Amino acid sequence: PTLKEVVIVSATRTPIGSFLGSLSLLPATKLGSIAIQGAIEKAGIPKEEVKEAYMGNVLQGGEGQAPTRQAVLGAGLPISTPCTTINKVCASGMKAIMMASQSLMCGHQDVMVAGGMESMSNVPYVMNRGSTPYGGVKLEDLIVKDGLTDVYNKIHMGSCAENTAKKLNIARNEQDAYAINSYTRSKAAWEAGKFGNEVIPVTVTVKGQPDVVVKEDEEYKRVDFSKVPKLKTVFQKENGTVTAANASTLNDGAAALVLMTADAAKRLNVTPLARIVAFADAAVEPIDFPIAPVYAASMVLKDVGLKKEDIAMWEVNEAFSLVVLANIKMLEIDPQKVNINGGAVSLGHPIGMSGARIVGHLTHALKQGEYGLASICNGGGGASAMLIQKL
């Protein structure tokens, strides 16, 4: 058998909610159902055509058994649909798409859904199993413990960012300017209707309360440019660079893509949005995760013999402003082509979801024939990257 070509038929997401904000009442798996149902609807195919599903989801504790299965059944897909939940930290939503693509390439399935979901609002605290130690019991926060602490260095993701800021000489003022730019671009894009095809509204229903329709990303409005340069450097008190404003935030949301072989898209007579050209993972020293996307991006370009100049649009996940700046600095690419409609610093970062979102955004924003490259760093020193071409 020859490898099959893979196309993205649809890409849909919920709005991104703020921590304890507009979507905080909905579990991750419910956000997942919403996104999955929307993508199938946008693709114009029966739910029965979806053969298997992979969802990224980093913080699975307390979500109940088989989170992806919950999302899938919750969207009314057939009970025959096998489901797998994927965890590559912040790269989860992209790696799900990559692994689904590999299955399709093998001819093992012909139509799949892949994406990611996270409700950081509902991530619980943990108490260890065993005897309570004299003097007190520690209740750890899984966001911090599983989500945001580097295992090897025993520091926050934001302190690894500081490390890169030192080595690459990326200053506080530069990171602030980038963050302000992200907020600016996100607002402009929302005001321009650039997410009309990508985002689907979520209705939040509470007994005895009026329904609340969440139609846009929450985070980008949560900013005061005037305070930005005055904020404390929260990950490094002295001579720091990373702040609450220039870092990504904690958030809730889900994204899903319908993926198909070229043959399935033709059989079903759907109009594919983009072809998946290539993808790769790179890994580096854990503290150096901010630069991992540079190597992953380089890998994909080399794989298919393209040069950085051939890329119309770059999505370099805004884990921190520092990360994007480091990537631009090492790749020497045009900043006007990078995160053009905002990103995680201003839209928020539901960690298992963001890698899917940025691929979906390229699928909508690229013009016919253009190449888009999405890359995303992950805790532990990894990154994933994907190259797509708009059809």
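From 1 onward, residues are counted along the sequence shown. Basically, rigid core = biggest C-alpha set you can superpose within 1.5 Å across the two forms.
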Core-aligned, which moves more in 6 other deposited structures of this protein: 133 to 141 or 197 to 205, by CA RMS?
133 to 141
When the other structures are laid on this one by the rigid core, do the CA atoms of 111 to 119 or of 235 to 243 sit farther away in 6 other deposited structures of this protein?
235 to 243
When mean C-alpha B-factors in the record are compared for 132 to 140 and 73 to 81, the larger belongs to 132 to 140
Mean Cα B-factor check, 328 to 336 vs 50 to 58, entry values; winner is 328 to 336
Can you tell me which of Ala280, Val123, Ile97, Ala244 has the highest Cα temperature factor in the record?
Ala244
Among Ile86, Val206, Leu250, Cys90, which residue carries the highest C-alpha B-factor recorded in the PDB entry?
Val206
Where does the C-alpha B-factor of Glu216 rank in its chain, lowest, middle or highest third?
highest
Pull the Cα B-factor of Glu318 out of the PDB entry and bin it into the chain's lowest, middle or highest third.
lowest
Would you mind ranking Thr261 by its C-alpha B-factor against the rest of the chain and naming the third, lowest, middle or highest?
middle
Divide the modelled residues of the chain into thirds by Cα B-factor and specify which third, lowest, middle or highest, holds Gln389.
middle
Quick check on the deposited entry: does the C-alpha B-factor of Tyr295 sit in the lowest, middle or highest third of its chain?
middle
